[PDB]
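In the deposited numbering, the protein residues as written are 2 to 332.
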Ligand SMILES: CC(=O)c1[nH]c2ccc(F)cc2c1-c1cn(CC2CCN(CCNS(=O)(=O)c3ccc(-c4c(O)cccc4F)cc3)CC2)nn1
Ligand SMILES: [Cl-]
């Protein structure tokens, strides 16, 4: 036969219970403003699907970010917009403030609240163990919210987390890969960034769920606390899985494959090999020990599992002892 079906352990039917217009983004009609309200100041970054500019709203002098979309499928634009609107006001979700089209070229852009991330290379290399716990909690607040709202982010990774440390402000950004979760729907595995792709995506298991975001969360925590960017440094999609096999081991991988009756690409035959599951200690050394603790390693081990159904949910994660101290201060 073919694969064994899978359903998310939490928020399973959340979208079944909502009215249709909530998730049927194909039919959302969009209302465009004039980009001429917004004047671009400088460029902030590029990417596969967009360029991002700092801009000024000339009607109220407010500073904003304009995200000019490169040509995506028309329905992916509706999708991102509908997701952003559904999540607007949620904890640590970037707030969408406008939808405009260039008046001549007719290119669409989204307008967001500005997050000030400048002097971030300092931030990277100087977050305390406490700050990492803090910002992990902030990320998790964003993921529990969007998962509870029936939405898979699918592209969690440091570049899609914006932090303004001066104001301990974190926003989860770029929802253009996000999808609504529906039980039984088979999704596109060609999502996320290579180093953050979950095993489900690498073996072509299409019926995945919110747990994917938590595998990605796992790869950021590991690469933060070990100081190894990226943690799983694969050289293509196939070899990405080998690199995970070299840490998680092959026994658990092949048990996962068997559990879900996954057809494994015959390419993986020769390369996956035979690998023992490593202890997290072999990634510790004097330069990163200050960020590694028993709690951090228990927490991380519970995110990086082959079987998506067995990874910690966002909510379960926020309850881990790792965050005991963060939870206390918030109060
Ligand atoms: C791209 C895009 O659609 C976009 N759309 C927007 C909408 C509104 C807006 F205003 C801006 C944009 C942008 C947007 C994108 N950019 C450029 C990048 C430059 C690289 N940094 C990554 C470092 N992050 S960061 O907070 O230091 C960071 C991240 C994570 C951690 C971390 C970790 O990796 C692991 C554990 C704990 C952690 F905290 C640390 C720092 C992010 C911004 N600027 N604006
Ligand atoms: Cl964005």
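Yeah, the Cβ is synthetic: ideal placement off N, Cα and C, and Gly gets one too.
Less than 8 Å between the beta carbons of residue 73 and residue 57, yes or no? no
Using a Cβ-based criterion (distance less than 7 Å to any ligand heavy atom), does residue 69 qualify as near ligand 2? no
Simplified DSSP assignment, three categories, for residue 150: Here residue 150 sits in coil by DSSP.
Pull the bridge partners of residue 170 from the DSSP assignment, please. Its beta-bridge partners are 165.
Residues of its chain near residue 304, where Cβ-Cβ distance is below 8 Å and the 5 sequence neighbours each way are ignored: Here the set comprises 215, 216, 218, 219, 222, 312, 313 and 318.
Taking 8 Å as the cut-off, decide whether the C-beta atoms of residue 209 and residue 254 are in contact. Not a contact, by the Cβ cut-off of 8 Å.
Compare the beta carbon distance of residue 77 and residue 177 with 8 Å and say whether it is the shorter of the two. yes
Just checking, does the stretch 231-238 make contact with the stretch 189-200 on the three C-beta pairs under 8 Å criterion? yes
Using only CA atoms, which one of 16, 6, 44 and 86 lies nearest to residue 32? 86
Who pairs with residue 40 in a beta bridge, going by DSSP? Under DSSP, the beta-bridge partners assigned to residue 40 are 57.
For residue 180, does the three-state DSSP call read helix, strand or coil? strand
Starting from the Cα of residue 282, find the closest Cα among 274, 44 and 293 and give me that residue. 293
Nearest-angstrom Cα separation, counted from residue 65 out to residue 94: 15 Å
Pull up the distance between the alpha-carbon of residue 286 and that of residue 148, whole angstroms please. One alpha carbon belongs to residue 286, the other to residue 148, and they sit about 35 Å apart.
Taking 6 Å as the limit between beta carbons, can you name the residues of its chain near residue 327, skipping five residues before and five after? 134, 135 and 138
Cβ-based neighbour list, residue 228, same chain, cut-off 7 Å, excluding 5 preceding and 5 following: Around residue 228: 288 and 289.
Whole angstroms is fine: what's the gap from residue 158's alpha carbon to residue 116's? Taking the straight line joining both Cα atoms gives about 17 Å.
Closest by CA to residue 17, which one among 332, 49, 61 and 152? 152
Along the chain, where does the alpha helix (DSSP H) that runs through residue 197 open and close? Counting along the chain, residue 197 falls outside any alpha helix (DSSP H), and DSSP gives it neither H nor E.
Buried versus exposed call for residue 180 [16 or more other C-beta atoms within 10 Å across all chains shown]: So residue 180 counts as buried.
Threshold first: 3 residues or longer. Then list the beta strand (DSSP E) segments lying entirely within the stretch 82-156, N to C. 97-102 and 109-114
Should residue 344 be counted as a contact of ligand 2 given a C-beta to heavy atom distance under 7 Å? Nothing in the structure corresponds to residue 344, since the chain is present only between 2 and 332.
Answer yes or no: do residue 156 and residue 106 have a C-beta to C-beta separation smaller than 8 Å? no
Please say whether residue 230 and residue 207 have beta carbons closer to each other than 8 Å? Cβ atoms of residue 207 and residue 230: not closer than 8 Å.
Go through its chain and collect everything with a Cβ distance to residue 225's Cβ below 6 Å, but skip five positions before and after it. 133
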